[PDB]
>>> print(open('work-v7.cif').read())   # mmCIF, C-alpha atoms
data_target
loop_
_atom_site.group_PDB
_atom_site.id
_atom_site.type_symbol
_atom_site.label_atom_id
_atom_site.label_comp_id
_atom_site.auth_asym_id
_atom_site.auth_seq_id
_atom_site.Cartn_x
_atom_site.Cartn_y
_atom_site.Cartn_z
ATOM 1 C CA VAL P 1 22.679 293.800 -57.002
ATOM 2 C CA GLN P 2 25.849 295.498 -58.147
ATOM 3 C CA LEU P 3 28.671 293.789 -60.036
ATOM 4 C CA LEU P 4 32.242 294.548 -58.973
ATOM 5 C CA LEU P 5 34.898 293.685 -61.542
ATOM 6 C CA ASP P 6 38.663 293.878 -61.814
ATOM 7 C CA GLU P 7 39.153 295.161 -65.390
ATOM 8 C CA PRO P 8 37.058 295.501 -68.558
ATOM 9 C CA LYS P 9 40.083 295.343 -70.885
ATOM 10 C CA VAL P 10 41.826 292.058 -70.252
ATOM 11 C CA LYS P 11 43.877 290.102 -72.818
ATOM 12 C CA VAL P 12 43.234 286.411 -73.546
ATOM 13 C CA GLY P 13 45.370 284.286 -71.241
ATOM 14 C CA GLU P 14 44.472 285.752 -67.860
ATOM 15 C CA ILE P 15 42.290 284.916 -64.864
ATOM 16 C CA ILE P 16 39.721 287.298 -63.367
ATOM 17 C CA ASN P 17 37.721 287.098 -60.188
ATOM 18 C CA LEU P 18 34.219 288.374 -60.782
ATOM 19 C CA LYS P 19 32.432 289.644 -57.686
ATOM 20 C CA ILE P 20 28.726 290.159 -57.527
ATOM 21 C CA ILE P 21 27.399 291.857 -54.412
ATOM 22 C CA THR P 22 23.788 291.254 -53.429
ATOM 23 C CA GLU P 23 21.561 293.196 -51.036
ATOM 24 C CA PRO P 24 18.511 291.374 -49.649
ATOM 25 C CA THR P 25 15.630 293.667 -48.928
ATOM 26 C CA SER P 26 13.081 294.784 -46.399
ATOM 27 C CA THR P 27 10.402 293.236 -48.631
ATOM 28 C CA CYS P 28 11.732 289.709 -48.251
ATOM 29 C CA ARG P 29 9.335 289.612 -45.252
ATOM 30 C CA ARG P 30 6.685 287.820 -47.353
ATOM 31 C CA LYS P 31 8.461 284.447 -47.206
ATOM 32 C CA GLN P 32 11.506 283.818 -44.861
ATOM 33 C CA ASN P 33 11.152 280.079 -45.563
ATOM 34 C CA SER P 34 14.040 279.247 -47.859
ATOM 35 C CA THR P 35 16.745 281.439 -46.345
ATOM 36 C CA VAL P 36 18.965 279.986 -49.036
ATOM 37 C CA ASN P 37 18.082 281.347 -52.483
ATOM 38 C CA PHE P 38 19.666 280.111 -55.677
ATOM 39 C CA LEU P 39 20.883 282.535 -58.290
ATOM 40 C CA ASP P 40 22.403 281.960 -61.693
ATOM 41 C CA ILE P 41 25.002 283.785 -63.736
ATOM 42 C CA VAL P 42 24.272 283.948 -67.446
ATOM 43 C CA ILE P 43 26.721 285.189 -70.061
ATOM 44 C CA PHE P 44 25.501 287.095 -73.096
ATOM 45 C CA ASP P 45 27.468 287.779 -76.240
ATOM 46 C CA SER P 46 26.535 291.527 -76.444
ATOM 47 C CA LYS P 47 24.677 290.796 -79.648
ATOM 48 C CA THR P 48 22.059 288.193 -78.587
ATOM 49 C CA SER P 49 21.887 284.478 -77.830
ATOM 50 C CA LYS P 50 23.604 283.483 -74.556
ATOM 51 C CA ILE P 51 26.333 280.871 -74.462
ATOM 52 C CA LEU P 52 25.480 277.427 -73.073
ATOM 53 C CA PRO P 53 26.765 275.854 -69.818
ATOM 54 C CA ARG P 54 29.410 274.169 -71.994
ATOM 55 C CA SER P 55 31.031 277.451 -73.009
ATOM 56 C CA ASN P 56 33.508 275.723 -75.283
ATOM 57 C CA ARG P 57 36.393 278.008 -76.377
ATOM 58 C CA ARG P 58 34.561 281.119 -75.129
ATOM 59 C CA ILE P 59 34.635 281.528 -71.333
ATOM 60 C CA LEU P 60 35.819 279.243 -68.539
ATOM 61 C CA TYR P 61 34.882 279.138 -64.880
ATOM 62 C CA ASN P 62 35.211 277.188 -61.632
ATOM 63 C CA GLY P 63 32.301 275.124 -60.456
ATOM 64 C CA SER P 64 28.597 275.294 -61.072
ATOM 65 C CA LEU P 65 27.425 278.864 -61.268
ATOM 66 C CA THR P 66 24.291 278.475 -59.111
ATOM 67 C CA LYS P 67 26.199 279.673 -55.983
ATOM 68 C CA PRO P 68 23.624 280.454 -53.277
ATOM 69 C CA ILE P 69 22.908 283.599 -51.284
ATOM 70 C CA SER P 70 21.163 284.217 -47.993
ATOM 71 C CA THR P 71 18.041 286.213 -47.326
ATOM 72 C CA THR P 72 19.997 287.544 -44.339
ATOM 73 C CA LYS P 73 22.651 290.118 -45.237
ATOM 74 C CA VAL P 74 25.070 291.315 -47.927
ATOM 75 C CA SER P 75 26.374 287.996 -49.181
ATOM 76 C CA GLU P 76 29.149 287.848 -51.751
ATOM 77 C CA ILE P 77 29.931 285.381 -54.510
ATOM 78 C CA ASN P 78 32.616 284.655 -57.065
ATOM 79 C CA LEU P 79 33.649 283.000 -60.285
ATOM 80 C CA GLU P 80 36.958 282.823 -62.146
ATOM 81 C CA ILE P 81 36.297 284.009 -65.713
ATOM 82 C CA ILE P 82 39.318 282.449 -67.394
ATOM 83 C CA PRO P 83 38.848 284.090 -70.780
ATOM 84 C CA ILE P 84 39.674 282.439 -74.093
ATOM 85 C CA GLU P 85 39.565 283.869 -77.648
ATOM 86 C CA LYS P 86 36.876 286.500 -77.422
ATOM 87 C CA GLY P 87 35.719 290.139 -77.452
ATOM 88 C CA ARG P 88 32.904 292.158 -75.838
ATOM 89 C CA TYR P 89 31.112 289.898 -73.384
ATOM 90 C CA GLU P 90 28.319 290.596 -70.886
ATOM 91 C CA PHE P 91 27.391 289.224 -67.455
ATOM 92 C CA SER P 92 24.040 289.318 -65.697
ATOM 93 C CA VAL P 93 22.173 287.297 -63.101
ATOM 94 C CA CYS P 94 18.742 285.948 -62.255
ATOM 95 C CA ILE P 95 17.086 284.725 -59.066
ATOM 96 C CA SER P 96 15.497 281.292 -58.911
ATOM 97 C CA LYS P 97 14.509 280.569 -55.222
ATOM 98 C CA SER P 98 14.784 276.784 -55.664
ATOM 99 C CA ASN P 99 16.141 274.310 -58.181
ATOM 100 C CA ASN P 100 13.016 273.429 -60.168
ATOM 101 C CA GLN P 101 11.690 275.037 -63.323
ATOM 102 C CA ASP P 102 9.238 277.926 -62.806
ATOM 103 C CA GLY P 103 11.102 278.754 -59.633
ATOM 104 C CA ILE P 104 12.515 281.870 -61.221
ATOM 105 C CA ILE P 105 11.016 285.018 -59.748
ATOM 106 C CA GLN P 106 13.022 287.987 -61.009
ATOM 107 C CA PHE P 107 15.572 288.908 -63.669
ATOM 108 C CA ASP P 108 17.940 291.698 -62.795
ATOM 109 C CA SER P 109 19.238 294.156 -65.342
ATOM 110 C CA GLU P 110 22.741 295.051 -64.251
ATOM 111 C CA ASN P 111 24.680 293.903 -67.374
ATOM 112 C CA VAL P 112 28.349 294.670 -66.760
ATOM 113 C CA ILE P 113 30.203 294.327 -70.062
ATOM 114 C CA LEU P 114 33.890 293.550 -70.518
ATOM 115 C CA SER P 115 36.057 293.430 -73.630
ATOM 116 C CA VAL P 116 38.674 290.847 -74.610
ATOM 117 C CA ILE P 117 41.578 291.647 -76.937
ATOM 118 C CA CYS K 1 16.800 222.003 -25.002
ATOM 119 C CA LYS K 2 15.099 225.383 -24.715
ATOM 120 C CA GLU K 3 13.072 224.741 -27.940
ATOM 121 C CA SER K 4 12.528 228.497 -28.414
ATOM 122 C CA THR K 5 11.793 228.522 -32.131
ATOM 123 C CA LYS K 6 10.180 231.954 -31.737
ATOM 124 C CA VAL K 7 8.354 234.181 -29.215
ATOM 125 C CA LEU K 8 11.271 235.802 -27.360
ATOM 126 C CA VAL K 9 14.024 238.329 -27.716
ATOM 127 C CA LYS K 10 16.889 236.516 -29.399
ATOM 128 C CA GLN K 11 20.253 238.131 -28.810
ATOM 129 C CA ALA K 12 21.298 240.355 -25.938
ATOM 130 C CA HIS K 13 24.903 241.511 -26.329
ATOM 131 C CA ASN K 14 26.378 244.742 -27.669
ATOM 132 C CA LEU K 15 29.494 245.647 -29.627
ATOM 133 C CA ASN K 16 30.745 248.278 -27.130
ATOM 134 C CA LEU K 17 34.041 250.220 -27.402
ATOM 135 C CA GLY K 18 37.118 250.222 -25.107
ATOM 136 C CA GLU K 19 38.220 246.763 -26.295
ATOM 137 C CA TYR K 20 40.769 245.461 -28.797
ATOM 138 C CA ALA K 21 39.005 244.470 -32.026
ATOM 139 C CA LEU K 22 39.310 244.730 -35.814
ATOM 140 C CA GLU K 23 37.948 247.303 -38.261
ATOM 141 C CA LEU K 24 38.044 247.006 -42.061
ATOM 142 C CA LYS K 25 37.303 249.982 -44.326
ATOM 143 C CA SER K 26 38.365 251.693 -47.568
ATOM 144 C CA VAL K 27 39.759 255.174 -48.291
ATOM 145 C CA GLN K 28 42.133 257.134 -50.553
ATOM 146 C CA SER K 29 42.475 254.780 -53.538
ATOM 147 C CA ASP K 30 43.004 255.635 -57.206
ATOM 148 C CA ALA K 31 40.451 253.776 -59.410
ATOM 149 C CA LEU K 32 41.483 250.246 -58.339
ATOM 150 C CA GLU K 33 39.410 248.497 -55.687
ATOM 151 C CA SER K 34 40.952 247.578 -52.349
ATOM 152 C CA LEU K 35 40.294 247.384 -48.609
ATOM 153 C CA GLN K 36 42.038 248.483 -45.432
ATOM 154 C CA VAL K 37 41.870 246.747 -42.069
ATOM 155 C CA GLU K 38 42.797 248.370 -38.770
ATOM 156 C CA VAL K 39 44.075 246.764 -35.553
ATOM 157 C CA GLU K 40 43.756 248.935 -32.434
ATOM 158 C CA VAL K 41 45.418 246.539 -29.997
ATOM 159 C CA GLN K 42 48.532 246.017 -27.882
ATOM 160 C CA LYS K 43 51.013 243.286 -26.827
ATOM 161 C CA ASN K 44 51.293 240.804 -29.739
ATOM 162 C CA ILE K 45 47.871 240.275 -31.260
ATOM 163 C CA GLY K 46 47.768 237.108 -33.334
ATOM 164 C CA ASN K 47 46.769 236.315 -36.904
ATOM 165 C CA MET K 48 43.424 237.000 -38.573
ATOM 166 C CA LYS K 49 41.312 235.868 -41.502
ATOM 167 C CA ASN K 50 39.783 237.657 -44.471
ATOM 168 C CA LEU K 51 37.401 235.326 -46.264
ATOM 169 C CA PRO K 52 35.462 235.708 -49.505
ATOM 170 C CA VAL K 53 31.922 235.101 -48.267
ATOM 171 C CA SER K 54 30.191 235.689 -51.604
ATOM 172 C CA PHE K 55 27.693 233.525 -53.488
ATOM 173 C CA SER K 56 29.440 233.453 -56.873
ATOM 174 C CA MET K 57 32.884 234.977 -56.409
ATOM 175 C CA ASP K 58 32.514 238.348 -58.101
ATOM 176 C CA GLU K 59 34.908 240.001 -55.626
ATOM 177 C CA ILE K 60 37.777 238.015 -57.095
ATOM 178 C CA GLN K 61 41.467 237.871 -56.324
ATOM 179 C CA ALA K 62 44.151 238.297 -58.966
ATOM 180 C CA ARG K 63 45.159 234.879 -60.333
ATOM 181 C CA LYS K 64 43.427 232.288 -58.155
ATOM 182 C CA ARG K 65 40.224 233.552 -56.521
ATOM 183 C CA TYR K 66 41.556 233.202 -52.992
ATOM 184 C CA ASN K 67 40.755 234.527 -49.532
ATOM 185 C CA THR K 68 44.436 234.994 -48.488
ATOM 186 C CA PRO K 69 44.164 235.273 -44.690
ATOM 187 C CA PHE K 70 46.746 237.549 -43.105
ATOM 188 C CA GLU K 71 49.229 236.925 -40.295
ATOM 189 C CA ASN K 72 50.231 239.766 -37.898
ATOM 190 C CA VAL K 73 49.037 242.338 -40.455
ATOM 191 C CA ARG K 74 47.224 245.434 -39.170
ATOM 192 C CA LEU K 75 46.751 247.642 -42.259
ATOM 193 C CA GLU K 76 47.136 246.430 -45.842
ATOM 194 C CA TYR K 77 45.510 246.751 -49.269
ATOM 195 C CA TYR K 78 43.715 243.737 -50.749
ATOM 196 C CA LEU K 79 44.005 244.753 -54.398
ATOM 197 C CA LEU K 80 41.155 242.655 -55.745
ATOM 198 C CA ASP K 81 39.591 242.376 -59.160
ATOM 199 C CA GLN K 82 35.955 242.853 -60.198
ATOM 200 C CA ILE K 83 33.980 240.032 -61.813
ATOM 201 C CA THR K 84 30.847 242.051 -62.678
ATOM 202 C CA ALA K 85 29.054 243.185 -59.512
ATOM 203 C CA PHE K 86 28.379 246.302 -57.434
ATOM 204 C CA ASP K 87 27.869 244.588 -54.050
ATOM 205 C CA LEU K 88 29.838 242.114 -51.969
ATOM 206 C CA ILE K 89 30.256 240.471 -48.575
ATOM 207 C CA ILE K 90 33.271 239.824 -46.365
ATOM 208 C CA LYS K 91 33.356 237.492 -43.371
ATOM 209 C CA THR K 92 36.340 238.638 -41.291
ATOM 210 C CA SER K 93 37.690 236.663 -38.320
ATOM 211 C CA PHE K 94 40.506 237.584 -35.941
ATOM 212 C CA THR K 95 42.037 235.440 -33.190
ATOM 213 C CA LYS K 96 42.911 238.241 -30.769
ATOM 214 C CA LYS K 97 44.089 236.173 -27.732
ATOM 215 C CA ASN K 98 45.374 238.853 -25.347
ATOM 216 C CA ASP K 99 46.353 236.884 -22.212
ATOM 217 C CA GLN K 100 45.129 233.372 -21.200
ATOM 218 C CA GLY K 101 41.848 233.739 -23.141
ATOM 219 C CA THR K 102 41.492 232.656 -26.791
ATOM 220 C CA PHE K 103 39.727 235.817 -27.891
ATOM 221 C CA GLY K 104 38.052 235.584 -31.304
ATOM 222 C CA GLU K 105 35.445 237.347 -33.435
ATOM 223 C CA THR K 106 33.613 236.972 -36.760
ATOM 224 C CA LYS K 107 32.209 240.072 -38.502
ATOM 225 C CA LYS K 108 30.401 239.557 -41.832
ATOM 226 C CA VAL K 109 30.749 243.019 -43.357
ATOM 227 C CA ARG K 110 29.029 244.014 -46.604
ATOM 228 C CA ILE K 111 31.246 246.607 -48.282
ATOM 229 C CA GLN K 112 30.290 247.739 -51.797
ATOM 230 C CA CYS K 113 32.887 250.006 -53.368
ATOM 231 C CA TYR K 114 31.912 251.339 -56.767
ATOM 232 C CA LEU K 115 33.378 254.759 -57.555
ATOM 233 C CA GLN K 116 31.432 257.965 -57.058
ATOM 234 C CA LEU K 117 33.095 261.035 -58.591
ATOM 235 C CA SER K 118 33.011 260.120 -62.291
ATOM 236 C CA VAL K 119 35.239 262.653 -64.059
ATOM 237 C CA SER K 120 35.556 263.311 -67.786
ATOM 238 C CA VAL K 121 37.964 265.623 -69.585
ATOM 239 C CA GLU K 122 38.182 267.987 -72.528
ATOM 240 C CA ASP K 123 41.166 269.964 -73.801
ATOM 241 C CA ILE K 124 41.182 273.023 -76.004
ATOM 242 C CA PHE K 125 44.396 274.092 -77.700
ATOM 243 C CA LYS K 126 45.355 277.535 -78.980
ATOM 244 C CA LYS K 127 48.647 278.850 -80.398
ATOM 245 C CA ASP K 128 51.362 278.330 -77.717
ATOM 246 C CA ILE K 129 48.819 278.225 -74.881
ATOM 247 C CA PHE K 130 46.776 275.316 -73.619
ATOM 248 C CA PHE K 131 43.754 274.685 -71.385
ATOM 249 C CA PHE K 132 41.868 271.709 -70.028
ATOM 250 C CA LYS K 133 38.236 271.765 -68.980
ATOM 251 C CA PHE K 134 37.194 269.004 -66.592
ATOM 252 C CA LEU K 135 33.719 267.544 -66.328
ATOM 253 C CA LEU K 136 32.801 266.326 -62.835
ATOM 254 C CA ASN K 137 29.886 264.024 -62.105
ATOM 255 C CA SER K 138 28.470 261.569 -59.585
ATOM 256 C CA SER K 139 28.281 257.945 -60.769
ATOM 257 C CA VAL K 140 25.274 257.256 -58.524
ATOM 258 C CA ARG K 141 21.916 258.916 -59.166
ATOM 259 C CA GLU K 142 20.454 261.254 -56.493
ATOM 260 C CA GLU K 143 22.979 260.545 -53.779
ATOM 261 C CA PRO K 144 25.080 263.692 -53.491
ATOM 262 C CA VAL K 145 28.810 264.354 -53.270
ATOM 263 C CA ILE K 146 30.525 267.291 -51.619
ATOM 264 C CA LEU K 147 33.867 268.340 -52.993
ATOM 265 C CA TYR K 148 36.441 270.600 -51.464
ATOM 266 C CA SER K 149 39.681 270.429 -53.429
ATOM 267 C CA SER K 150 40.694 269.668 -56.992
#
>>> encode(input="work-v7.cif", output="structure tokens")
Amino acid sequence: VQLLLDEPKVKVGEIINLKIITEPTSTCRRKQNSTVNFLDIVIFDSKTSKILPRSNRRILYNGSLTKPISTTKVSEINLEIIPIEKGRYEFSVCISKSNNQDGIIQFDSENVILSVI
Amino acid sequence: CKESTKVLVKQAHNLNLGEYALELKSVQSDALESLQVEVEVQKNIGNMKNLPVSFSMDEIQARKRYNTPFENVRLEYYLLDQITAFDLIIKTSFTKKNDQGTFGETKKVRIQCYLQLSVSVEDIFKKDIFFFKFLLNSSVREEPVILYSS
């Protein structure tokens, strides 16, 4: 996974497409069953303690963040991080394979940070 | 008298297409319950009924809980009220009568029309800028809703 972003230095009242790019692997050959695989996008404060789904007065977005990918090819995804009253955020993902709890199988470490003035 | 109380096949006719009939449905309405009939006919189709075939009249009309049968009306909007239910029934009859044959029908449809996409709001308000944040939810439990504009 890489994370392609527009700017790291946006002001408050502005709308940003975020673009993750995922690369499914040769070693997906163990399963093939759920071709669909559910990710998440989690937002960290760049101190600790991630914001909730109800990111009230911090970050805004379009739709539920679960936003599936294929185990086929280089799928893309998006959100619209409509920022509000912040500074120094962080974005990272995880992979969950399903919807249930204990479906989560890996946690990537790609942590693109952006600042808000 | 045939006296066939049981032990047979009962009814042996089919509601096929390529014939002038009636069709009552509901679409595109803003939080106030209605219905919409459709008449796919030609050459002066006659009047039709729209009864209230309920047990205790929960699917009520506005002032007097009426049936209010139409007359040469194809598509309309029966703006009802709701006297505490989530299911209904509707016996609908239509004297078609194309040419030298008193064509009629009686369809007892069972439309239930509670809302699905239950939507709540929240504003936030900064200095000379302003944002809403809309909650979107399905009023039924574990029957899913797709959604493709807002």
>>> residues_around(input="work-v7.cif", residues="residue 40 (chain P)", least_positions_apart="5", cutoff="9 Å", atoms="all atoms listed in the file", output="PyMOL selection string")
chain P and resi 65-68+92-96
>>> interface_residues(input="work-v7.cif", of="chain K", to="chain P", cutoff="8 Å", atoms="only C-alpha atoms", output="PDB file with C-alpha atoms, in the coordinates of the input")
ATOM      1  CA  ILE K 124      41.182 273.023 -76.004  1.00  0.00           C
ATOM      2  CA  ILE K 129      48.819 278.225 -74.881  1.00  0.00           C
ATOM      3  CA  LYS K 133      38.236 271.765 -68.980  1.00  0.00           C
TER       4      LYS K 133
END
>>> resolve_selection(input="work-v7.cif", expression="the PyMOL selection byres ((chain K and resi 56-70) around 10)", output="PyMOL selection string")
chain K and resi 33+46-55+71-74+76+78-90+92-94+112
>>> residues_around(input="work-v7.cif", residues="residue 132 (chain K)", least_positions_apart="2", cutoff="9 Å", atoms="all atoms listed in the file", output="PyMOL selection string")
chain K and resi 121-125+130+134
>>> atom_distance(input="work-v7.cif", atom1="CA of residue 16 (chain K)", atom2="CA of residue 95 (chain K)")
18.1 Å
>>> resolve_selection(input="work-v7.cif", expression="the PyMOL selection byres ((chain K and resi 103) around 12)", output="PyMOL selection string")
chain K and resi 19-22+45-48+93-102+104-106
>>> resolve_selection(input="work-v7.cif", expression="the PyMOL selection byres ((chain P and resi 14-24) around 6)", output="list in words")
residues 1, 2, 3, 4, 5, 12, 13, 25, 71, 74, 75, 76, 77, 78, 79, 80, 81 and 82 of chain P
>>> residues_around(input="work-v7.cif", residues="residue 35 (chain P)", least_positions_apart="3", cutoff="9 Å", atoms="all atoms listed in the file", output="PyMOL selection string")
chain P and resi 31-32+69-72
>>> atom_distance(input="work-v7.cif", atom1="CA of residue 9 (chain P)", atom2="CA of residue 47 (chain P)")
18.3 Å
>>> axis_aligned_box(input="work-v7.cif", around="region 50-62 of chain K", padding_each_side="8 Å", output="lines of an AutoDock Vina configuration file")
center_x = 35.9
center_y = 236.7
center_z = -51.7
size_x = 32.5
size_y = 22.5
size_z = 30.5
>>> atom_distance(input="work-v7.cif", atom1="CA of residue 109 (chain P)", atom2="CA of residue 10 (chain P)")
23.2 Å
>>> residues_around(input="work-v7.cif", residues="residue 145 (chain K)", least_positions_apart="4", cutoff="8 Å", atoms="only C-alpha atoms", output="number ranges by chain")
K: 116-117, 138
>>> write_last_selection(input="work-v7.cif", atoms="C-alpha atoms", output="compact mmCIF listing (two decimals), keeping the file's coordinate frame")
# COMPACT_ATOMS: atom_id res chain seq x y z
CA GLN K 116 31.43 257.96 -57.06
CA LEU K 117 33.10 261.04 -58.59
CA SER K 138 28.47 261.57 -59.58
